[PDB]
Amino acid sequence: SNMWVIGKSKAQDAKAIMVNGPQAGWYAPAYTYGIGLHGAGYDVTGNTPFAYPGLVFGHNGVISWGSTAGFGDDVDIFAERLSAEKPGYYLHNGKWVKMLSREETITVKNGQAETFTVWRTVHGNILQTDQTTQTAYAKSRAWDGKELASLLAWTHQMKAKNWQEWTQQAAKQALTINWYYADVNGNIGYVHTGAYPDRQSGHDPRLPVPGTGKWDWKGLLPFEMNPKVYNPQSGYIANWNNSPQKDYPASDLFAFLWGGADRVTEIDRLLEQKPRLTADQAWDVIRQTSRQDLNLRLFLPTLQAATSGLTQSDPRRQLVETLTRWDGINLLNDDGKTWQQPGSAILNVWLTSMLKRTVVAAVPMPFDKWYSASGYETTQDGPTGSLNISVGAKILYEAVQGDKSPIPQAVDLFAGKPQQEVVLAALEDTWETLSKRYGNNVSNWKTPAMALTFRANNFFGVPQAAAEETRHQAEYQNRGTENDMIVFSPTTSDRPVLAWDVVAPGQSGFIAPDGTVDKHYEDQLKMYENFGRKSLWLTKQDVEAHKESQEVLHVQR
């Protein structure tokens, strides 16, 4: 999920611009829901996942807001001490405490129902996995007991008219989510919201802690601690699930890292490239980042250094020369299935070989499997989410930085071999592999592009539509499931705010019993494909002027 907020110091023909691209995969019907609310203190427009009462992506004519997953560490696991003689109890603060328990029955269509028990301690629900007669792990979420508060904080924030009223609600949202602000005067803001535990001294948050009591959290850190910035000197706020702030620790996920190699640099670059950006230029950053190969910029220098001394005819050399001439912006050929340039295939093969040779080689099995992914892995239907730099690649990146990396290389991923030699061996593998497949004329290589699928199953893998309702788009785009842009004080409009979004396939997922698809069942699909967008209306006059239908209800609570 990405977002860029451009403030007054960097906005052209406007005072602030907000472009949000939440990334949850692609689904039919649409992942988000378009809604406008007017009354009882609210006056908003925008769209929101699963039609939550609170709009995650929207504005109220005075301010605008957005989110991207935070990925801060707000979950710890407690190793609970059990006793075979006291089933259902666990030792805590010197006493055998009774676990919470409940019976559940899974009713199964055309199947026999299944009954089982779920267990919970003072730290959280008990995991099913990793159980012994003496141990069980509890998943402790810092937001536990604050779920509803976050749902409402997300609702009430829509009534905010300034940074102070908005941060008051950001302080109540306990999940680990980055919130963004913008307003009609050109002010912009960012808060890495969420509840984060105040851990005991000596507690390494990447590893489990005993649940006997001595390691319980001291409580939760105060809002003061949450990374935030209002009107940054840079004039912009950019995020792609990267680190909020210097020294701020990431999620403990072994596959997740905030390091020198981060895809967000791709956005920072385009925003800094131009002193000021217009709304249309800000929007164009979607199309560019969505086509940008994310590894080229990270490894190109290393590739160049390794091949800089080879003779013209060396094929390893020509592969690298091919990458050098490339901007890393993938485009489809006329056939609608292959990419114009073979760069990503080259990088994919090479990178896969490097990880096998380095990181994978230094990690004991079967943990080595965790670092083998190049980050290009996909199926026929294309990626199920965003493309990122793989964890193995981020580790490899620090190694190739040598002394420029702040991470001590306790072990040499290159195991004593010159880096050039290993980089060359990998380039050799790449050449054998691709030349064998596509021939030895690089210039006529038509490698496969990624495609994109709006799946009929929701992110859970549960059908939310009939299979046949699945939609397809030839060009995979590493972009938001939905994209919305709010432009404050636009100089070419009669309104103090303009807003656009795209909810593909369409606003409605309705199909009549006879199979007649709603008029708004797929009217935003092509628009999504060509980086188009439609206006979001707010004022009564705009809504009235663009009305298609109307209905009045009269109800007594």
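From 1 onward, residues are counted along the sequence shown.
Averaged over CA atoms, B-factors in the entry run higher in 134 to 142 than in the other of 222 to 230 and 134 to 142. Between 176 to 184 and 441 to 449, it is 441 to 449 that carries the larger average Cα temperature factor according to the deposited entry. Ranking 383, 197, 194, 480 by the C-alpha B-factor listed in the PDB entry places 383 at the top. By the numbers in the PDB entry, the CA B factor is greatest at 356 among 394, 356, 206, 291.
Ranked by Cα temperature factor within the chain, residue 3 sits in the lowest third according to the deposited record. In the deposited entry, the Cα temperature factor of residue 103 sits in the top third of values across the chain's modelled residues. When the modelled residues of the chain are ordered by their C-alpha B factor, residue 526 lands in the highest third. Residue 506 sits in the lowest third of its chain by CA B factor, as recorded in the PDB entry. Residue-level temperature factors show residue 543 in the highest third of its chain, judged at the C-alpha atom.
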